[PDB]
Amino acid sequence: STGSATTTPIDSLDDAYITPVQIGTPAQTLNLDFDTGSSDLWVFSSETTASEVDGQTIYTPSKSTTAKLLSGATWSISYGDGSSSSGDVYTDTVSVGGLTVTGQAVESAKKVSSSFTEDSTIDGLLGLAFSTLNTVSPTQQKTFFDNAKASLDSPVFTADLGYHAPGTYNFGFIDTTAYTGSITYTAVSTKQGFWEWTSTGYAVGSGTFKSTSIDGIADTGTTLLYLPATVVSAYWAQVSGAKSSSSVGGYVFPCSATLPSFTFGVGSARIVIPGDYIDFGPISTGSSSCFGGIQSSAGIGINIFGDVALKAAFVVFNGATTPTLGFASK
């Protein structure tokens, strides 16, 4: 079987992407943030503290004939940005673009952090990292992808994120019409539970390519590109007036500047991120200082190939017994 669903940016900056997901019987449609950096499917629900819900669509398990409370199961998650949520667990039917999984763990949020409440367009997250990161206790639960793997025509899903435009998540097949040239596959380490790979280097604008191993994760759930300080300093050195601001919390640049492209290596192939992709607009309404889409990972402890990088490519998440990552230009 296969599944195909359109994913849409939540705002004019591509801060996140939401994808409609059907939960329960009859279907309750929620717009979820597909996150290859985490492994929990959790949603706003009728159980969420009422003061912490502000415009989100909620899942109501009492209205689903297939919902089963997972007795004694709880969950609690903390993301690298300081966000957090927690609650209890149900099993229910979950469908993504025609692809159906029965008995999927649906984690009902009882408490969510403020940043989730303030995001009215995101009804929850759908984790697509490896199941070893799932936070359900005392019995760990499998991701949507892991549960669907056996019935998929091919044990893969692909991410085709758009720049200020809708995109597509596909399950079970590779759309050979969606990319140009060839797909370059690179090895994945699952030892931390992430889609972790090694980039072969980078280049700034039309500059010389620098062969150097950059170990990072493919994370659709992270907005920006987080790379080592040496690389990020080399990039912003090519933007007149750019500087790292402690009060803002990253590199900023004059909004009148034109940004150079950024290239990163995948084996012998190259993925070029257009400079316009790195512009994330004024730091505040009316400001002439703009926030950069490439930031340092020094404070994070791991390099993150977020949406800024991934939306420049057609990305294959190959969940075979030996998992790999595929990158193609588009």
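Heads up: residue numbers just count along the shown sequence, starting at 1.
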On average, are the C-alpha B-factors higher in 101-109 or in 73-81?
73-81
Per the PDB entry, mean CA B-factor is higher for 82-90 or 119-127, namely for 82-90
Which one of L225, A159, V231, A150 shows the biggest C-alpha B-factor in the PDB entry?
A150
Candidate residues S39, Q295, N31, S64, the one whose C-alpha B factor the record puts highest
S64
Third of the chain's Cα B-factor distribution that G221 belongs to, per the entry:
lowest
Check where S247 lands among this chain's C-alpha B-factors and tell me if it's the lowest, middle or highest third.
highest
Place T60 in the lowest, middle or highest third of its chain's C-alpha B-factors, as listed in the PDB entry.
highest
Place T2 in the lowest, middle or highest third of its chain's C-alpha B-factors, as listed in the PDB entry.
middle
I23: which third of its chain by C-alpha temperature factor?
middle
